[PDB]
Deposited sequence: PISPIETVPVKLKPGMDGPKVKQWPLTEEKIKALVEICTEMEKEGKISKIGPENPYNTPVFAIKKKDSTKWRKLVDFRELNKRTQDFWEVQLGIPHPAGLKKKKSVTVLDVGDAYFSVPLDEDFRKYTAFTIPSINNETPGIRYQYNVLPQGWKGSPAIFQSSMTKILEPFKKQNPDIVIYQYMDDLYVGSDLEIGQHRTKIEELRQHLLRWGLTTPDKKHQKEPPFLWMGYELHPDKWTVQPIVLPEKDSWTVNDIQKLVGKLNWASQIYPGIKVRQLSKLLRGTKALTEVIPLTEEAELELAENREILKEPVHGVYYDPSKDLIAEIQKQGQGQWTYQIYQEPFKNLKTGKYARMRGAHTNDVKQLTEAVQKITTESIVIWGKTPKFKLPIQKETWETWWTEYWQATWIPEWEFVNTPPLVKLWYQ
């Protein structure tokens, strides 16, 4: 009920960030939403004396035809001091985890008077005709880094009865999202989450246990073409940047001479032994792989075709914190960018569940394409960071 003093970080001003164009329906929806938000005191119209700006748009989540206001706070977030819960490393070990949107709660608490200027945002007008409708926040804004950190006390004060009632249930909070893990049965779990929803009221489901880290595999064939062996050796040579004792020399020795790619080459005993030892090595985990919380997470994504996508999360190259694959069909089959976007969302969610923060993606796509289309398919309250790779990597064929 009382505002905690908030400031920026030394040598930094408030964000001035260009608002990108929005469609007619998104603008209409944002108007309808901000009108009521204004009648409720959550936001207030401001003047030209406010130089700053933050981007804004509208999305739609699952099973809902009602729009949601999404503010892109990345810049303002990185200009805030933070440093005001050690990650629940059991959350990834639970049988099931449910994600609830607690963002609404943030609107019950006021924002520091001096800081409000930095929450400024603009509903744009079509064809630059009228100046945009400008607002600044009064209550705590959704998507801001300061919101969960500040509301955290109230959150702890709210969840005490539920937590102390059953201490088998893990509770975590990232931005507007609340992740609740449990080992119970899905029906009783859903009713327990219903209980938590009603419990929260008076004041999407995951399975992290269904995943592990993916090993590198090598083919088992009864006959090898020269091509098959060239590919095998390429892959093993790549793996040797990862694992210590990989040896390709006998396998190569099979290929000596100059041969037709489709010609079948029988494996010698030395070659089969070598390949066996290589399998053995690829079975063991990777050595000295540890998560350093002071370092950025990196996600790489490759398009495998036919709806398949491979990805890796790491910190230092050839040290993989996680590897994965996605075939999922959500109705995105005729659209590559929707698939990519769903993929980025999923990977980010996994990243939040495991390490508690979002990674920085490297996307197989052109900046202009992605930037034009990604808001159309985005269902999440947080926005990660991403770069673009314009030169096709070879690692693609080694992760399939």
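Counting from residue 1 of the deposited sequence, the stretches lacking C-alpha coordinates in this chain are 1 to 4, 89 to 93, 213 to 231.
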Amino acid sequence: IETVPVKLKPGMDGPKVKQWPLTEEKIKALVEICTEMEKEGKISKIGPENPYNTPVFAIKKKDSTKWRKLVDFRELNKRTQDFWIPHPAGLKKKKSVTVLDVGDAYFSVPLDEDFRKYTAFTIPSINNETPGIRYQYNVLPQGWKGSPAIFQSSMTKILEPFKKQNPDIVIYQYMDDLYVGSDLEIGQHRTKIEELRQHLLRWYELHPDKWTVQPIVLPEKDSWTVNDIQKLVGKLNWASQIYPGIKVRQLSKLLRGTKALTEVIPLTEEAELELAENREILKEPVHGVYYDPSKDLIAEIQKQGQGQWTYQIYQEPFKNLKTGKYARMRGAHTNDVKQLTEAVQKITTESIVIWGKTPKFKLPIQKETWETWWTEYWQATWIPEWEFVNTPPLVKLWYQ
From here on, numbers count along this sequence of modelled residues.
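In this text, the rigid core denotes the largest set of C-alpha atoms whose superposition between the two forms falls within 1.5 Å.
RMS Cα deviation from the shown model in 6 other deposited structures of this protein, rigid core fit, is larger for 387 to 395 than for the other stretch of the pair 18 to 26 / 387 to 395. Structural divergence in 6 other deposited structures of this protein between 157 to 165 and 230 to 238: following superposition by the core, 230 to 238 has C-alpha atoms lying farther from the shown form. Higher mean CA temperature factor between 322 to 330 and 307 to 315: 322 to 330, per the PDB entry.
Comparing the deposited coordinates for 45 to 53 and 362 to 370, the stretch with the larger average C-alpha B-factor is 45 to 53. In the deposited coordinates, the residue among 230, 241, 152, 258 with the greatest CA B-factor is 152. Of the candidates 120, 218, 170, 133, the deposited coordinates give 170 the top C-alpha B factor. Among the modelled residues of the chain, residue 234 sits in the lowest third by CA temperature factor in this PDB entry.
When all modelled residues of the chain are sorted by CA temperature factor, residue 176 is found within the middle third. Per-chain ranking of the deposited C-alpha B factor places residue 63 in the highest third. For residue 15, the recorded CA temperature factor ranks within the middle third of the chain's modelled residues. Ranked against the other modelled residues of its chain, the C-alpha B-factor of residue 115 as given in the entry falls in the highest third.
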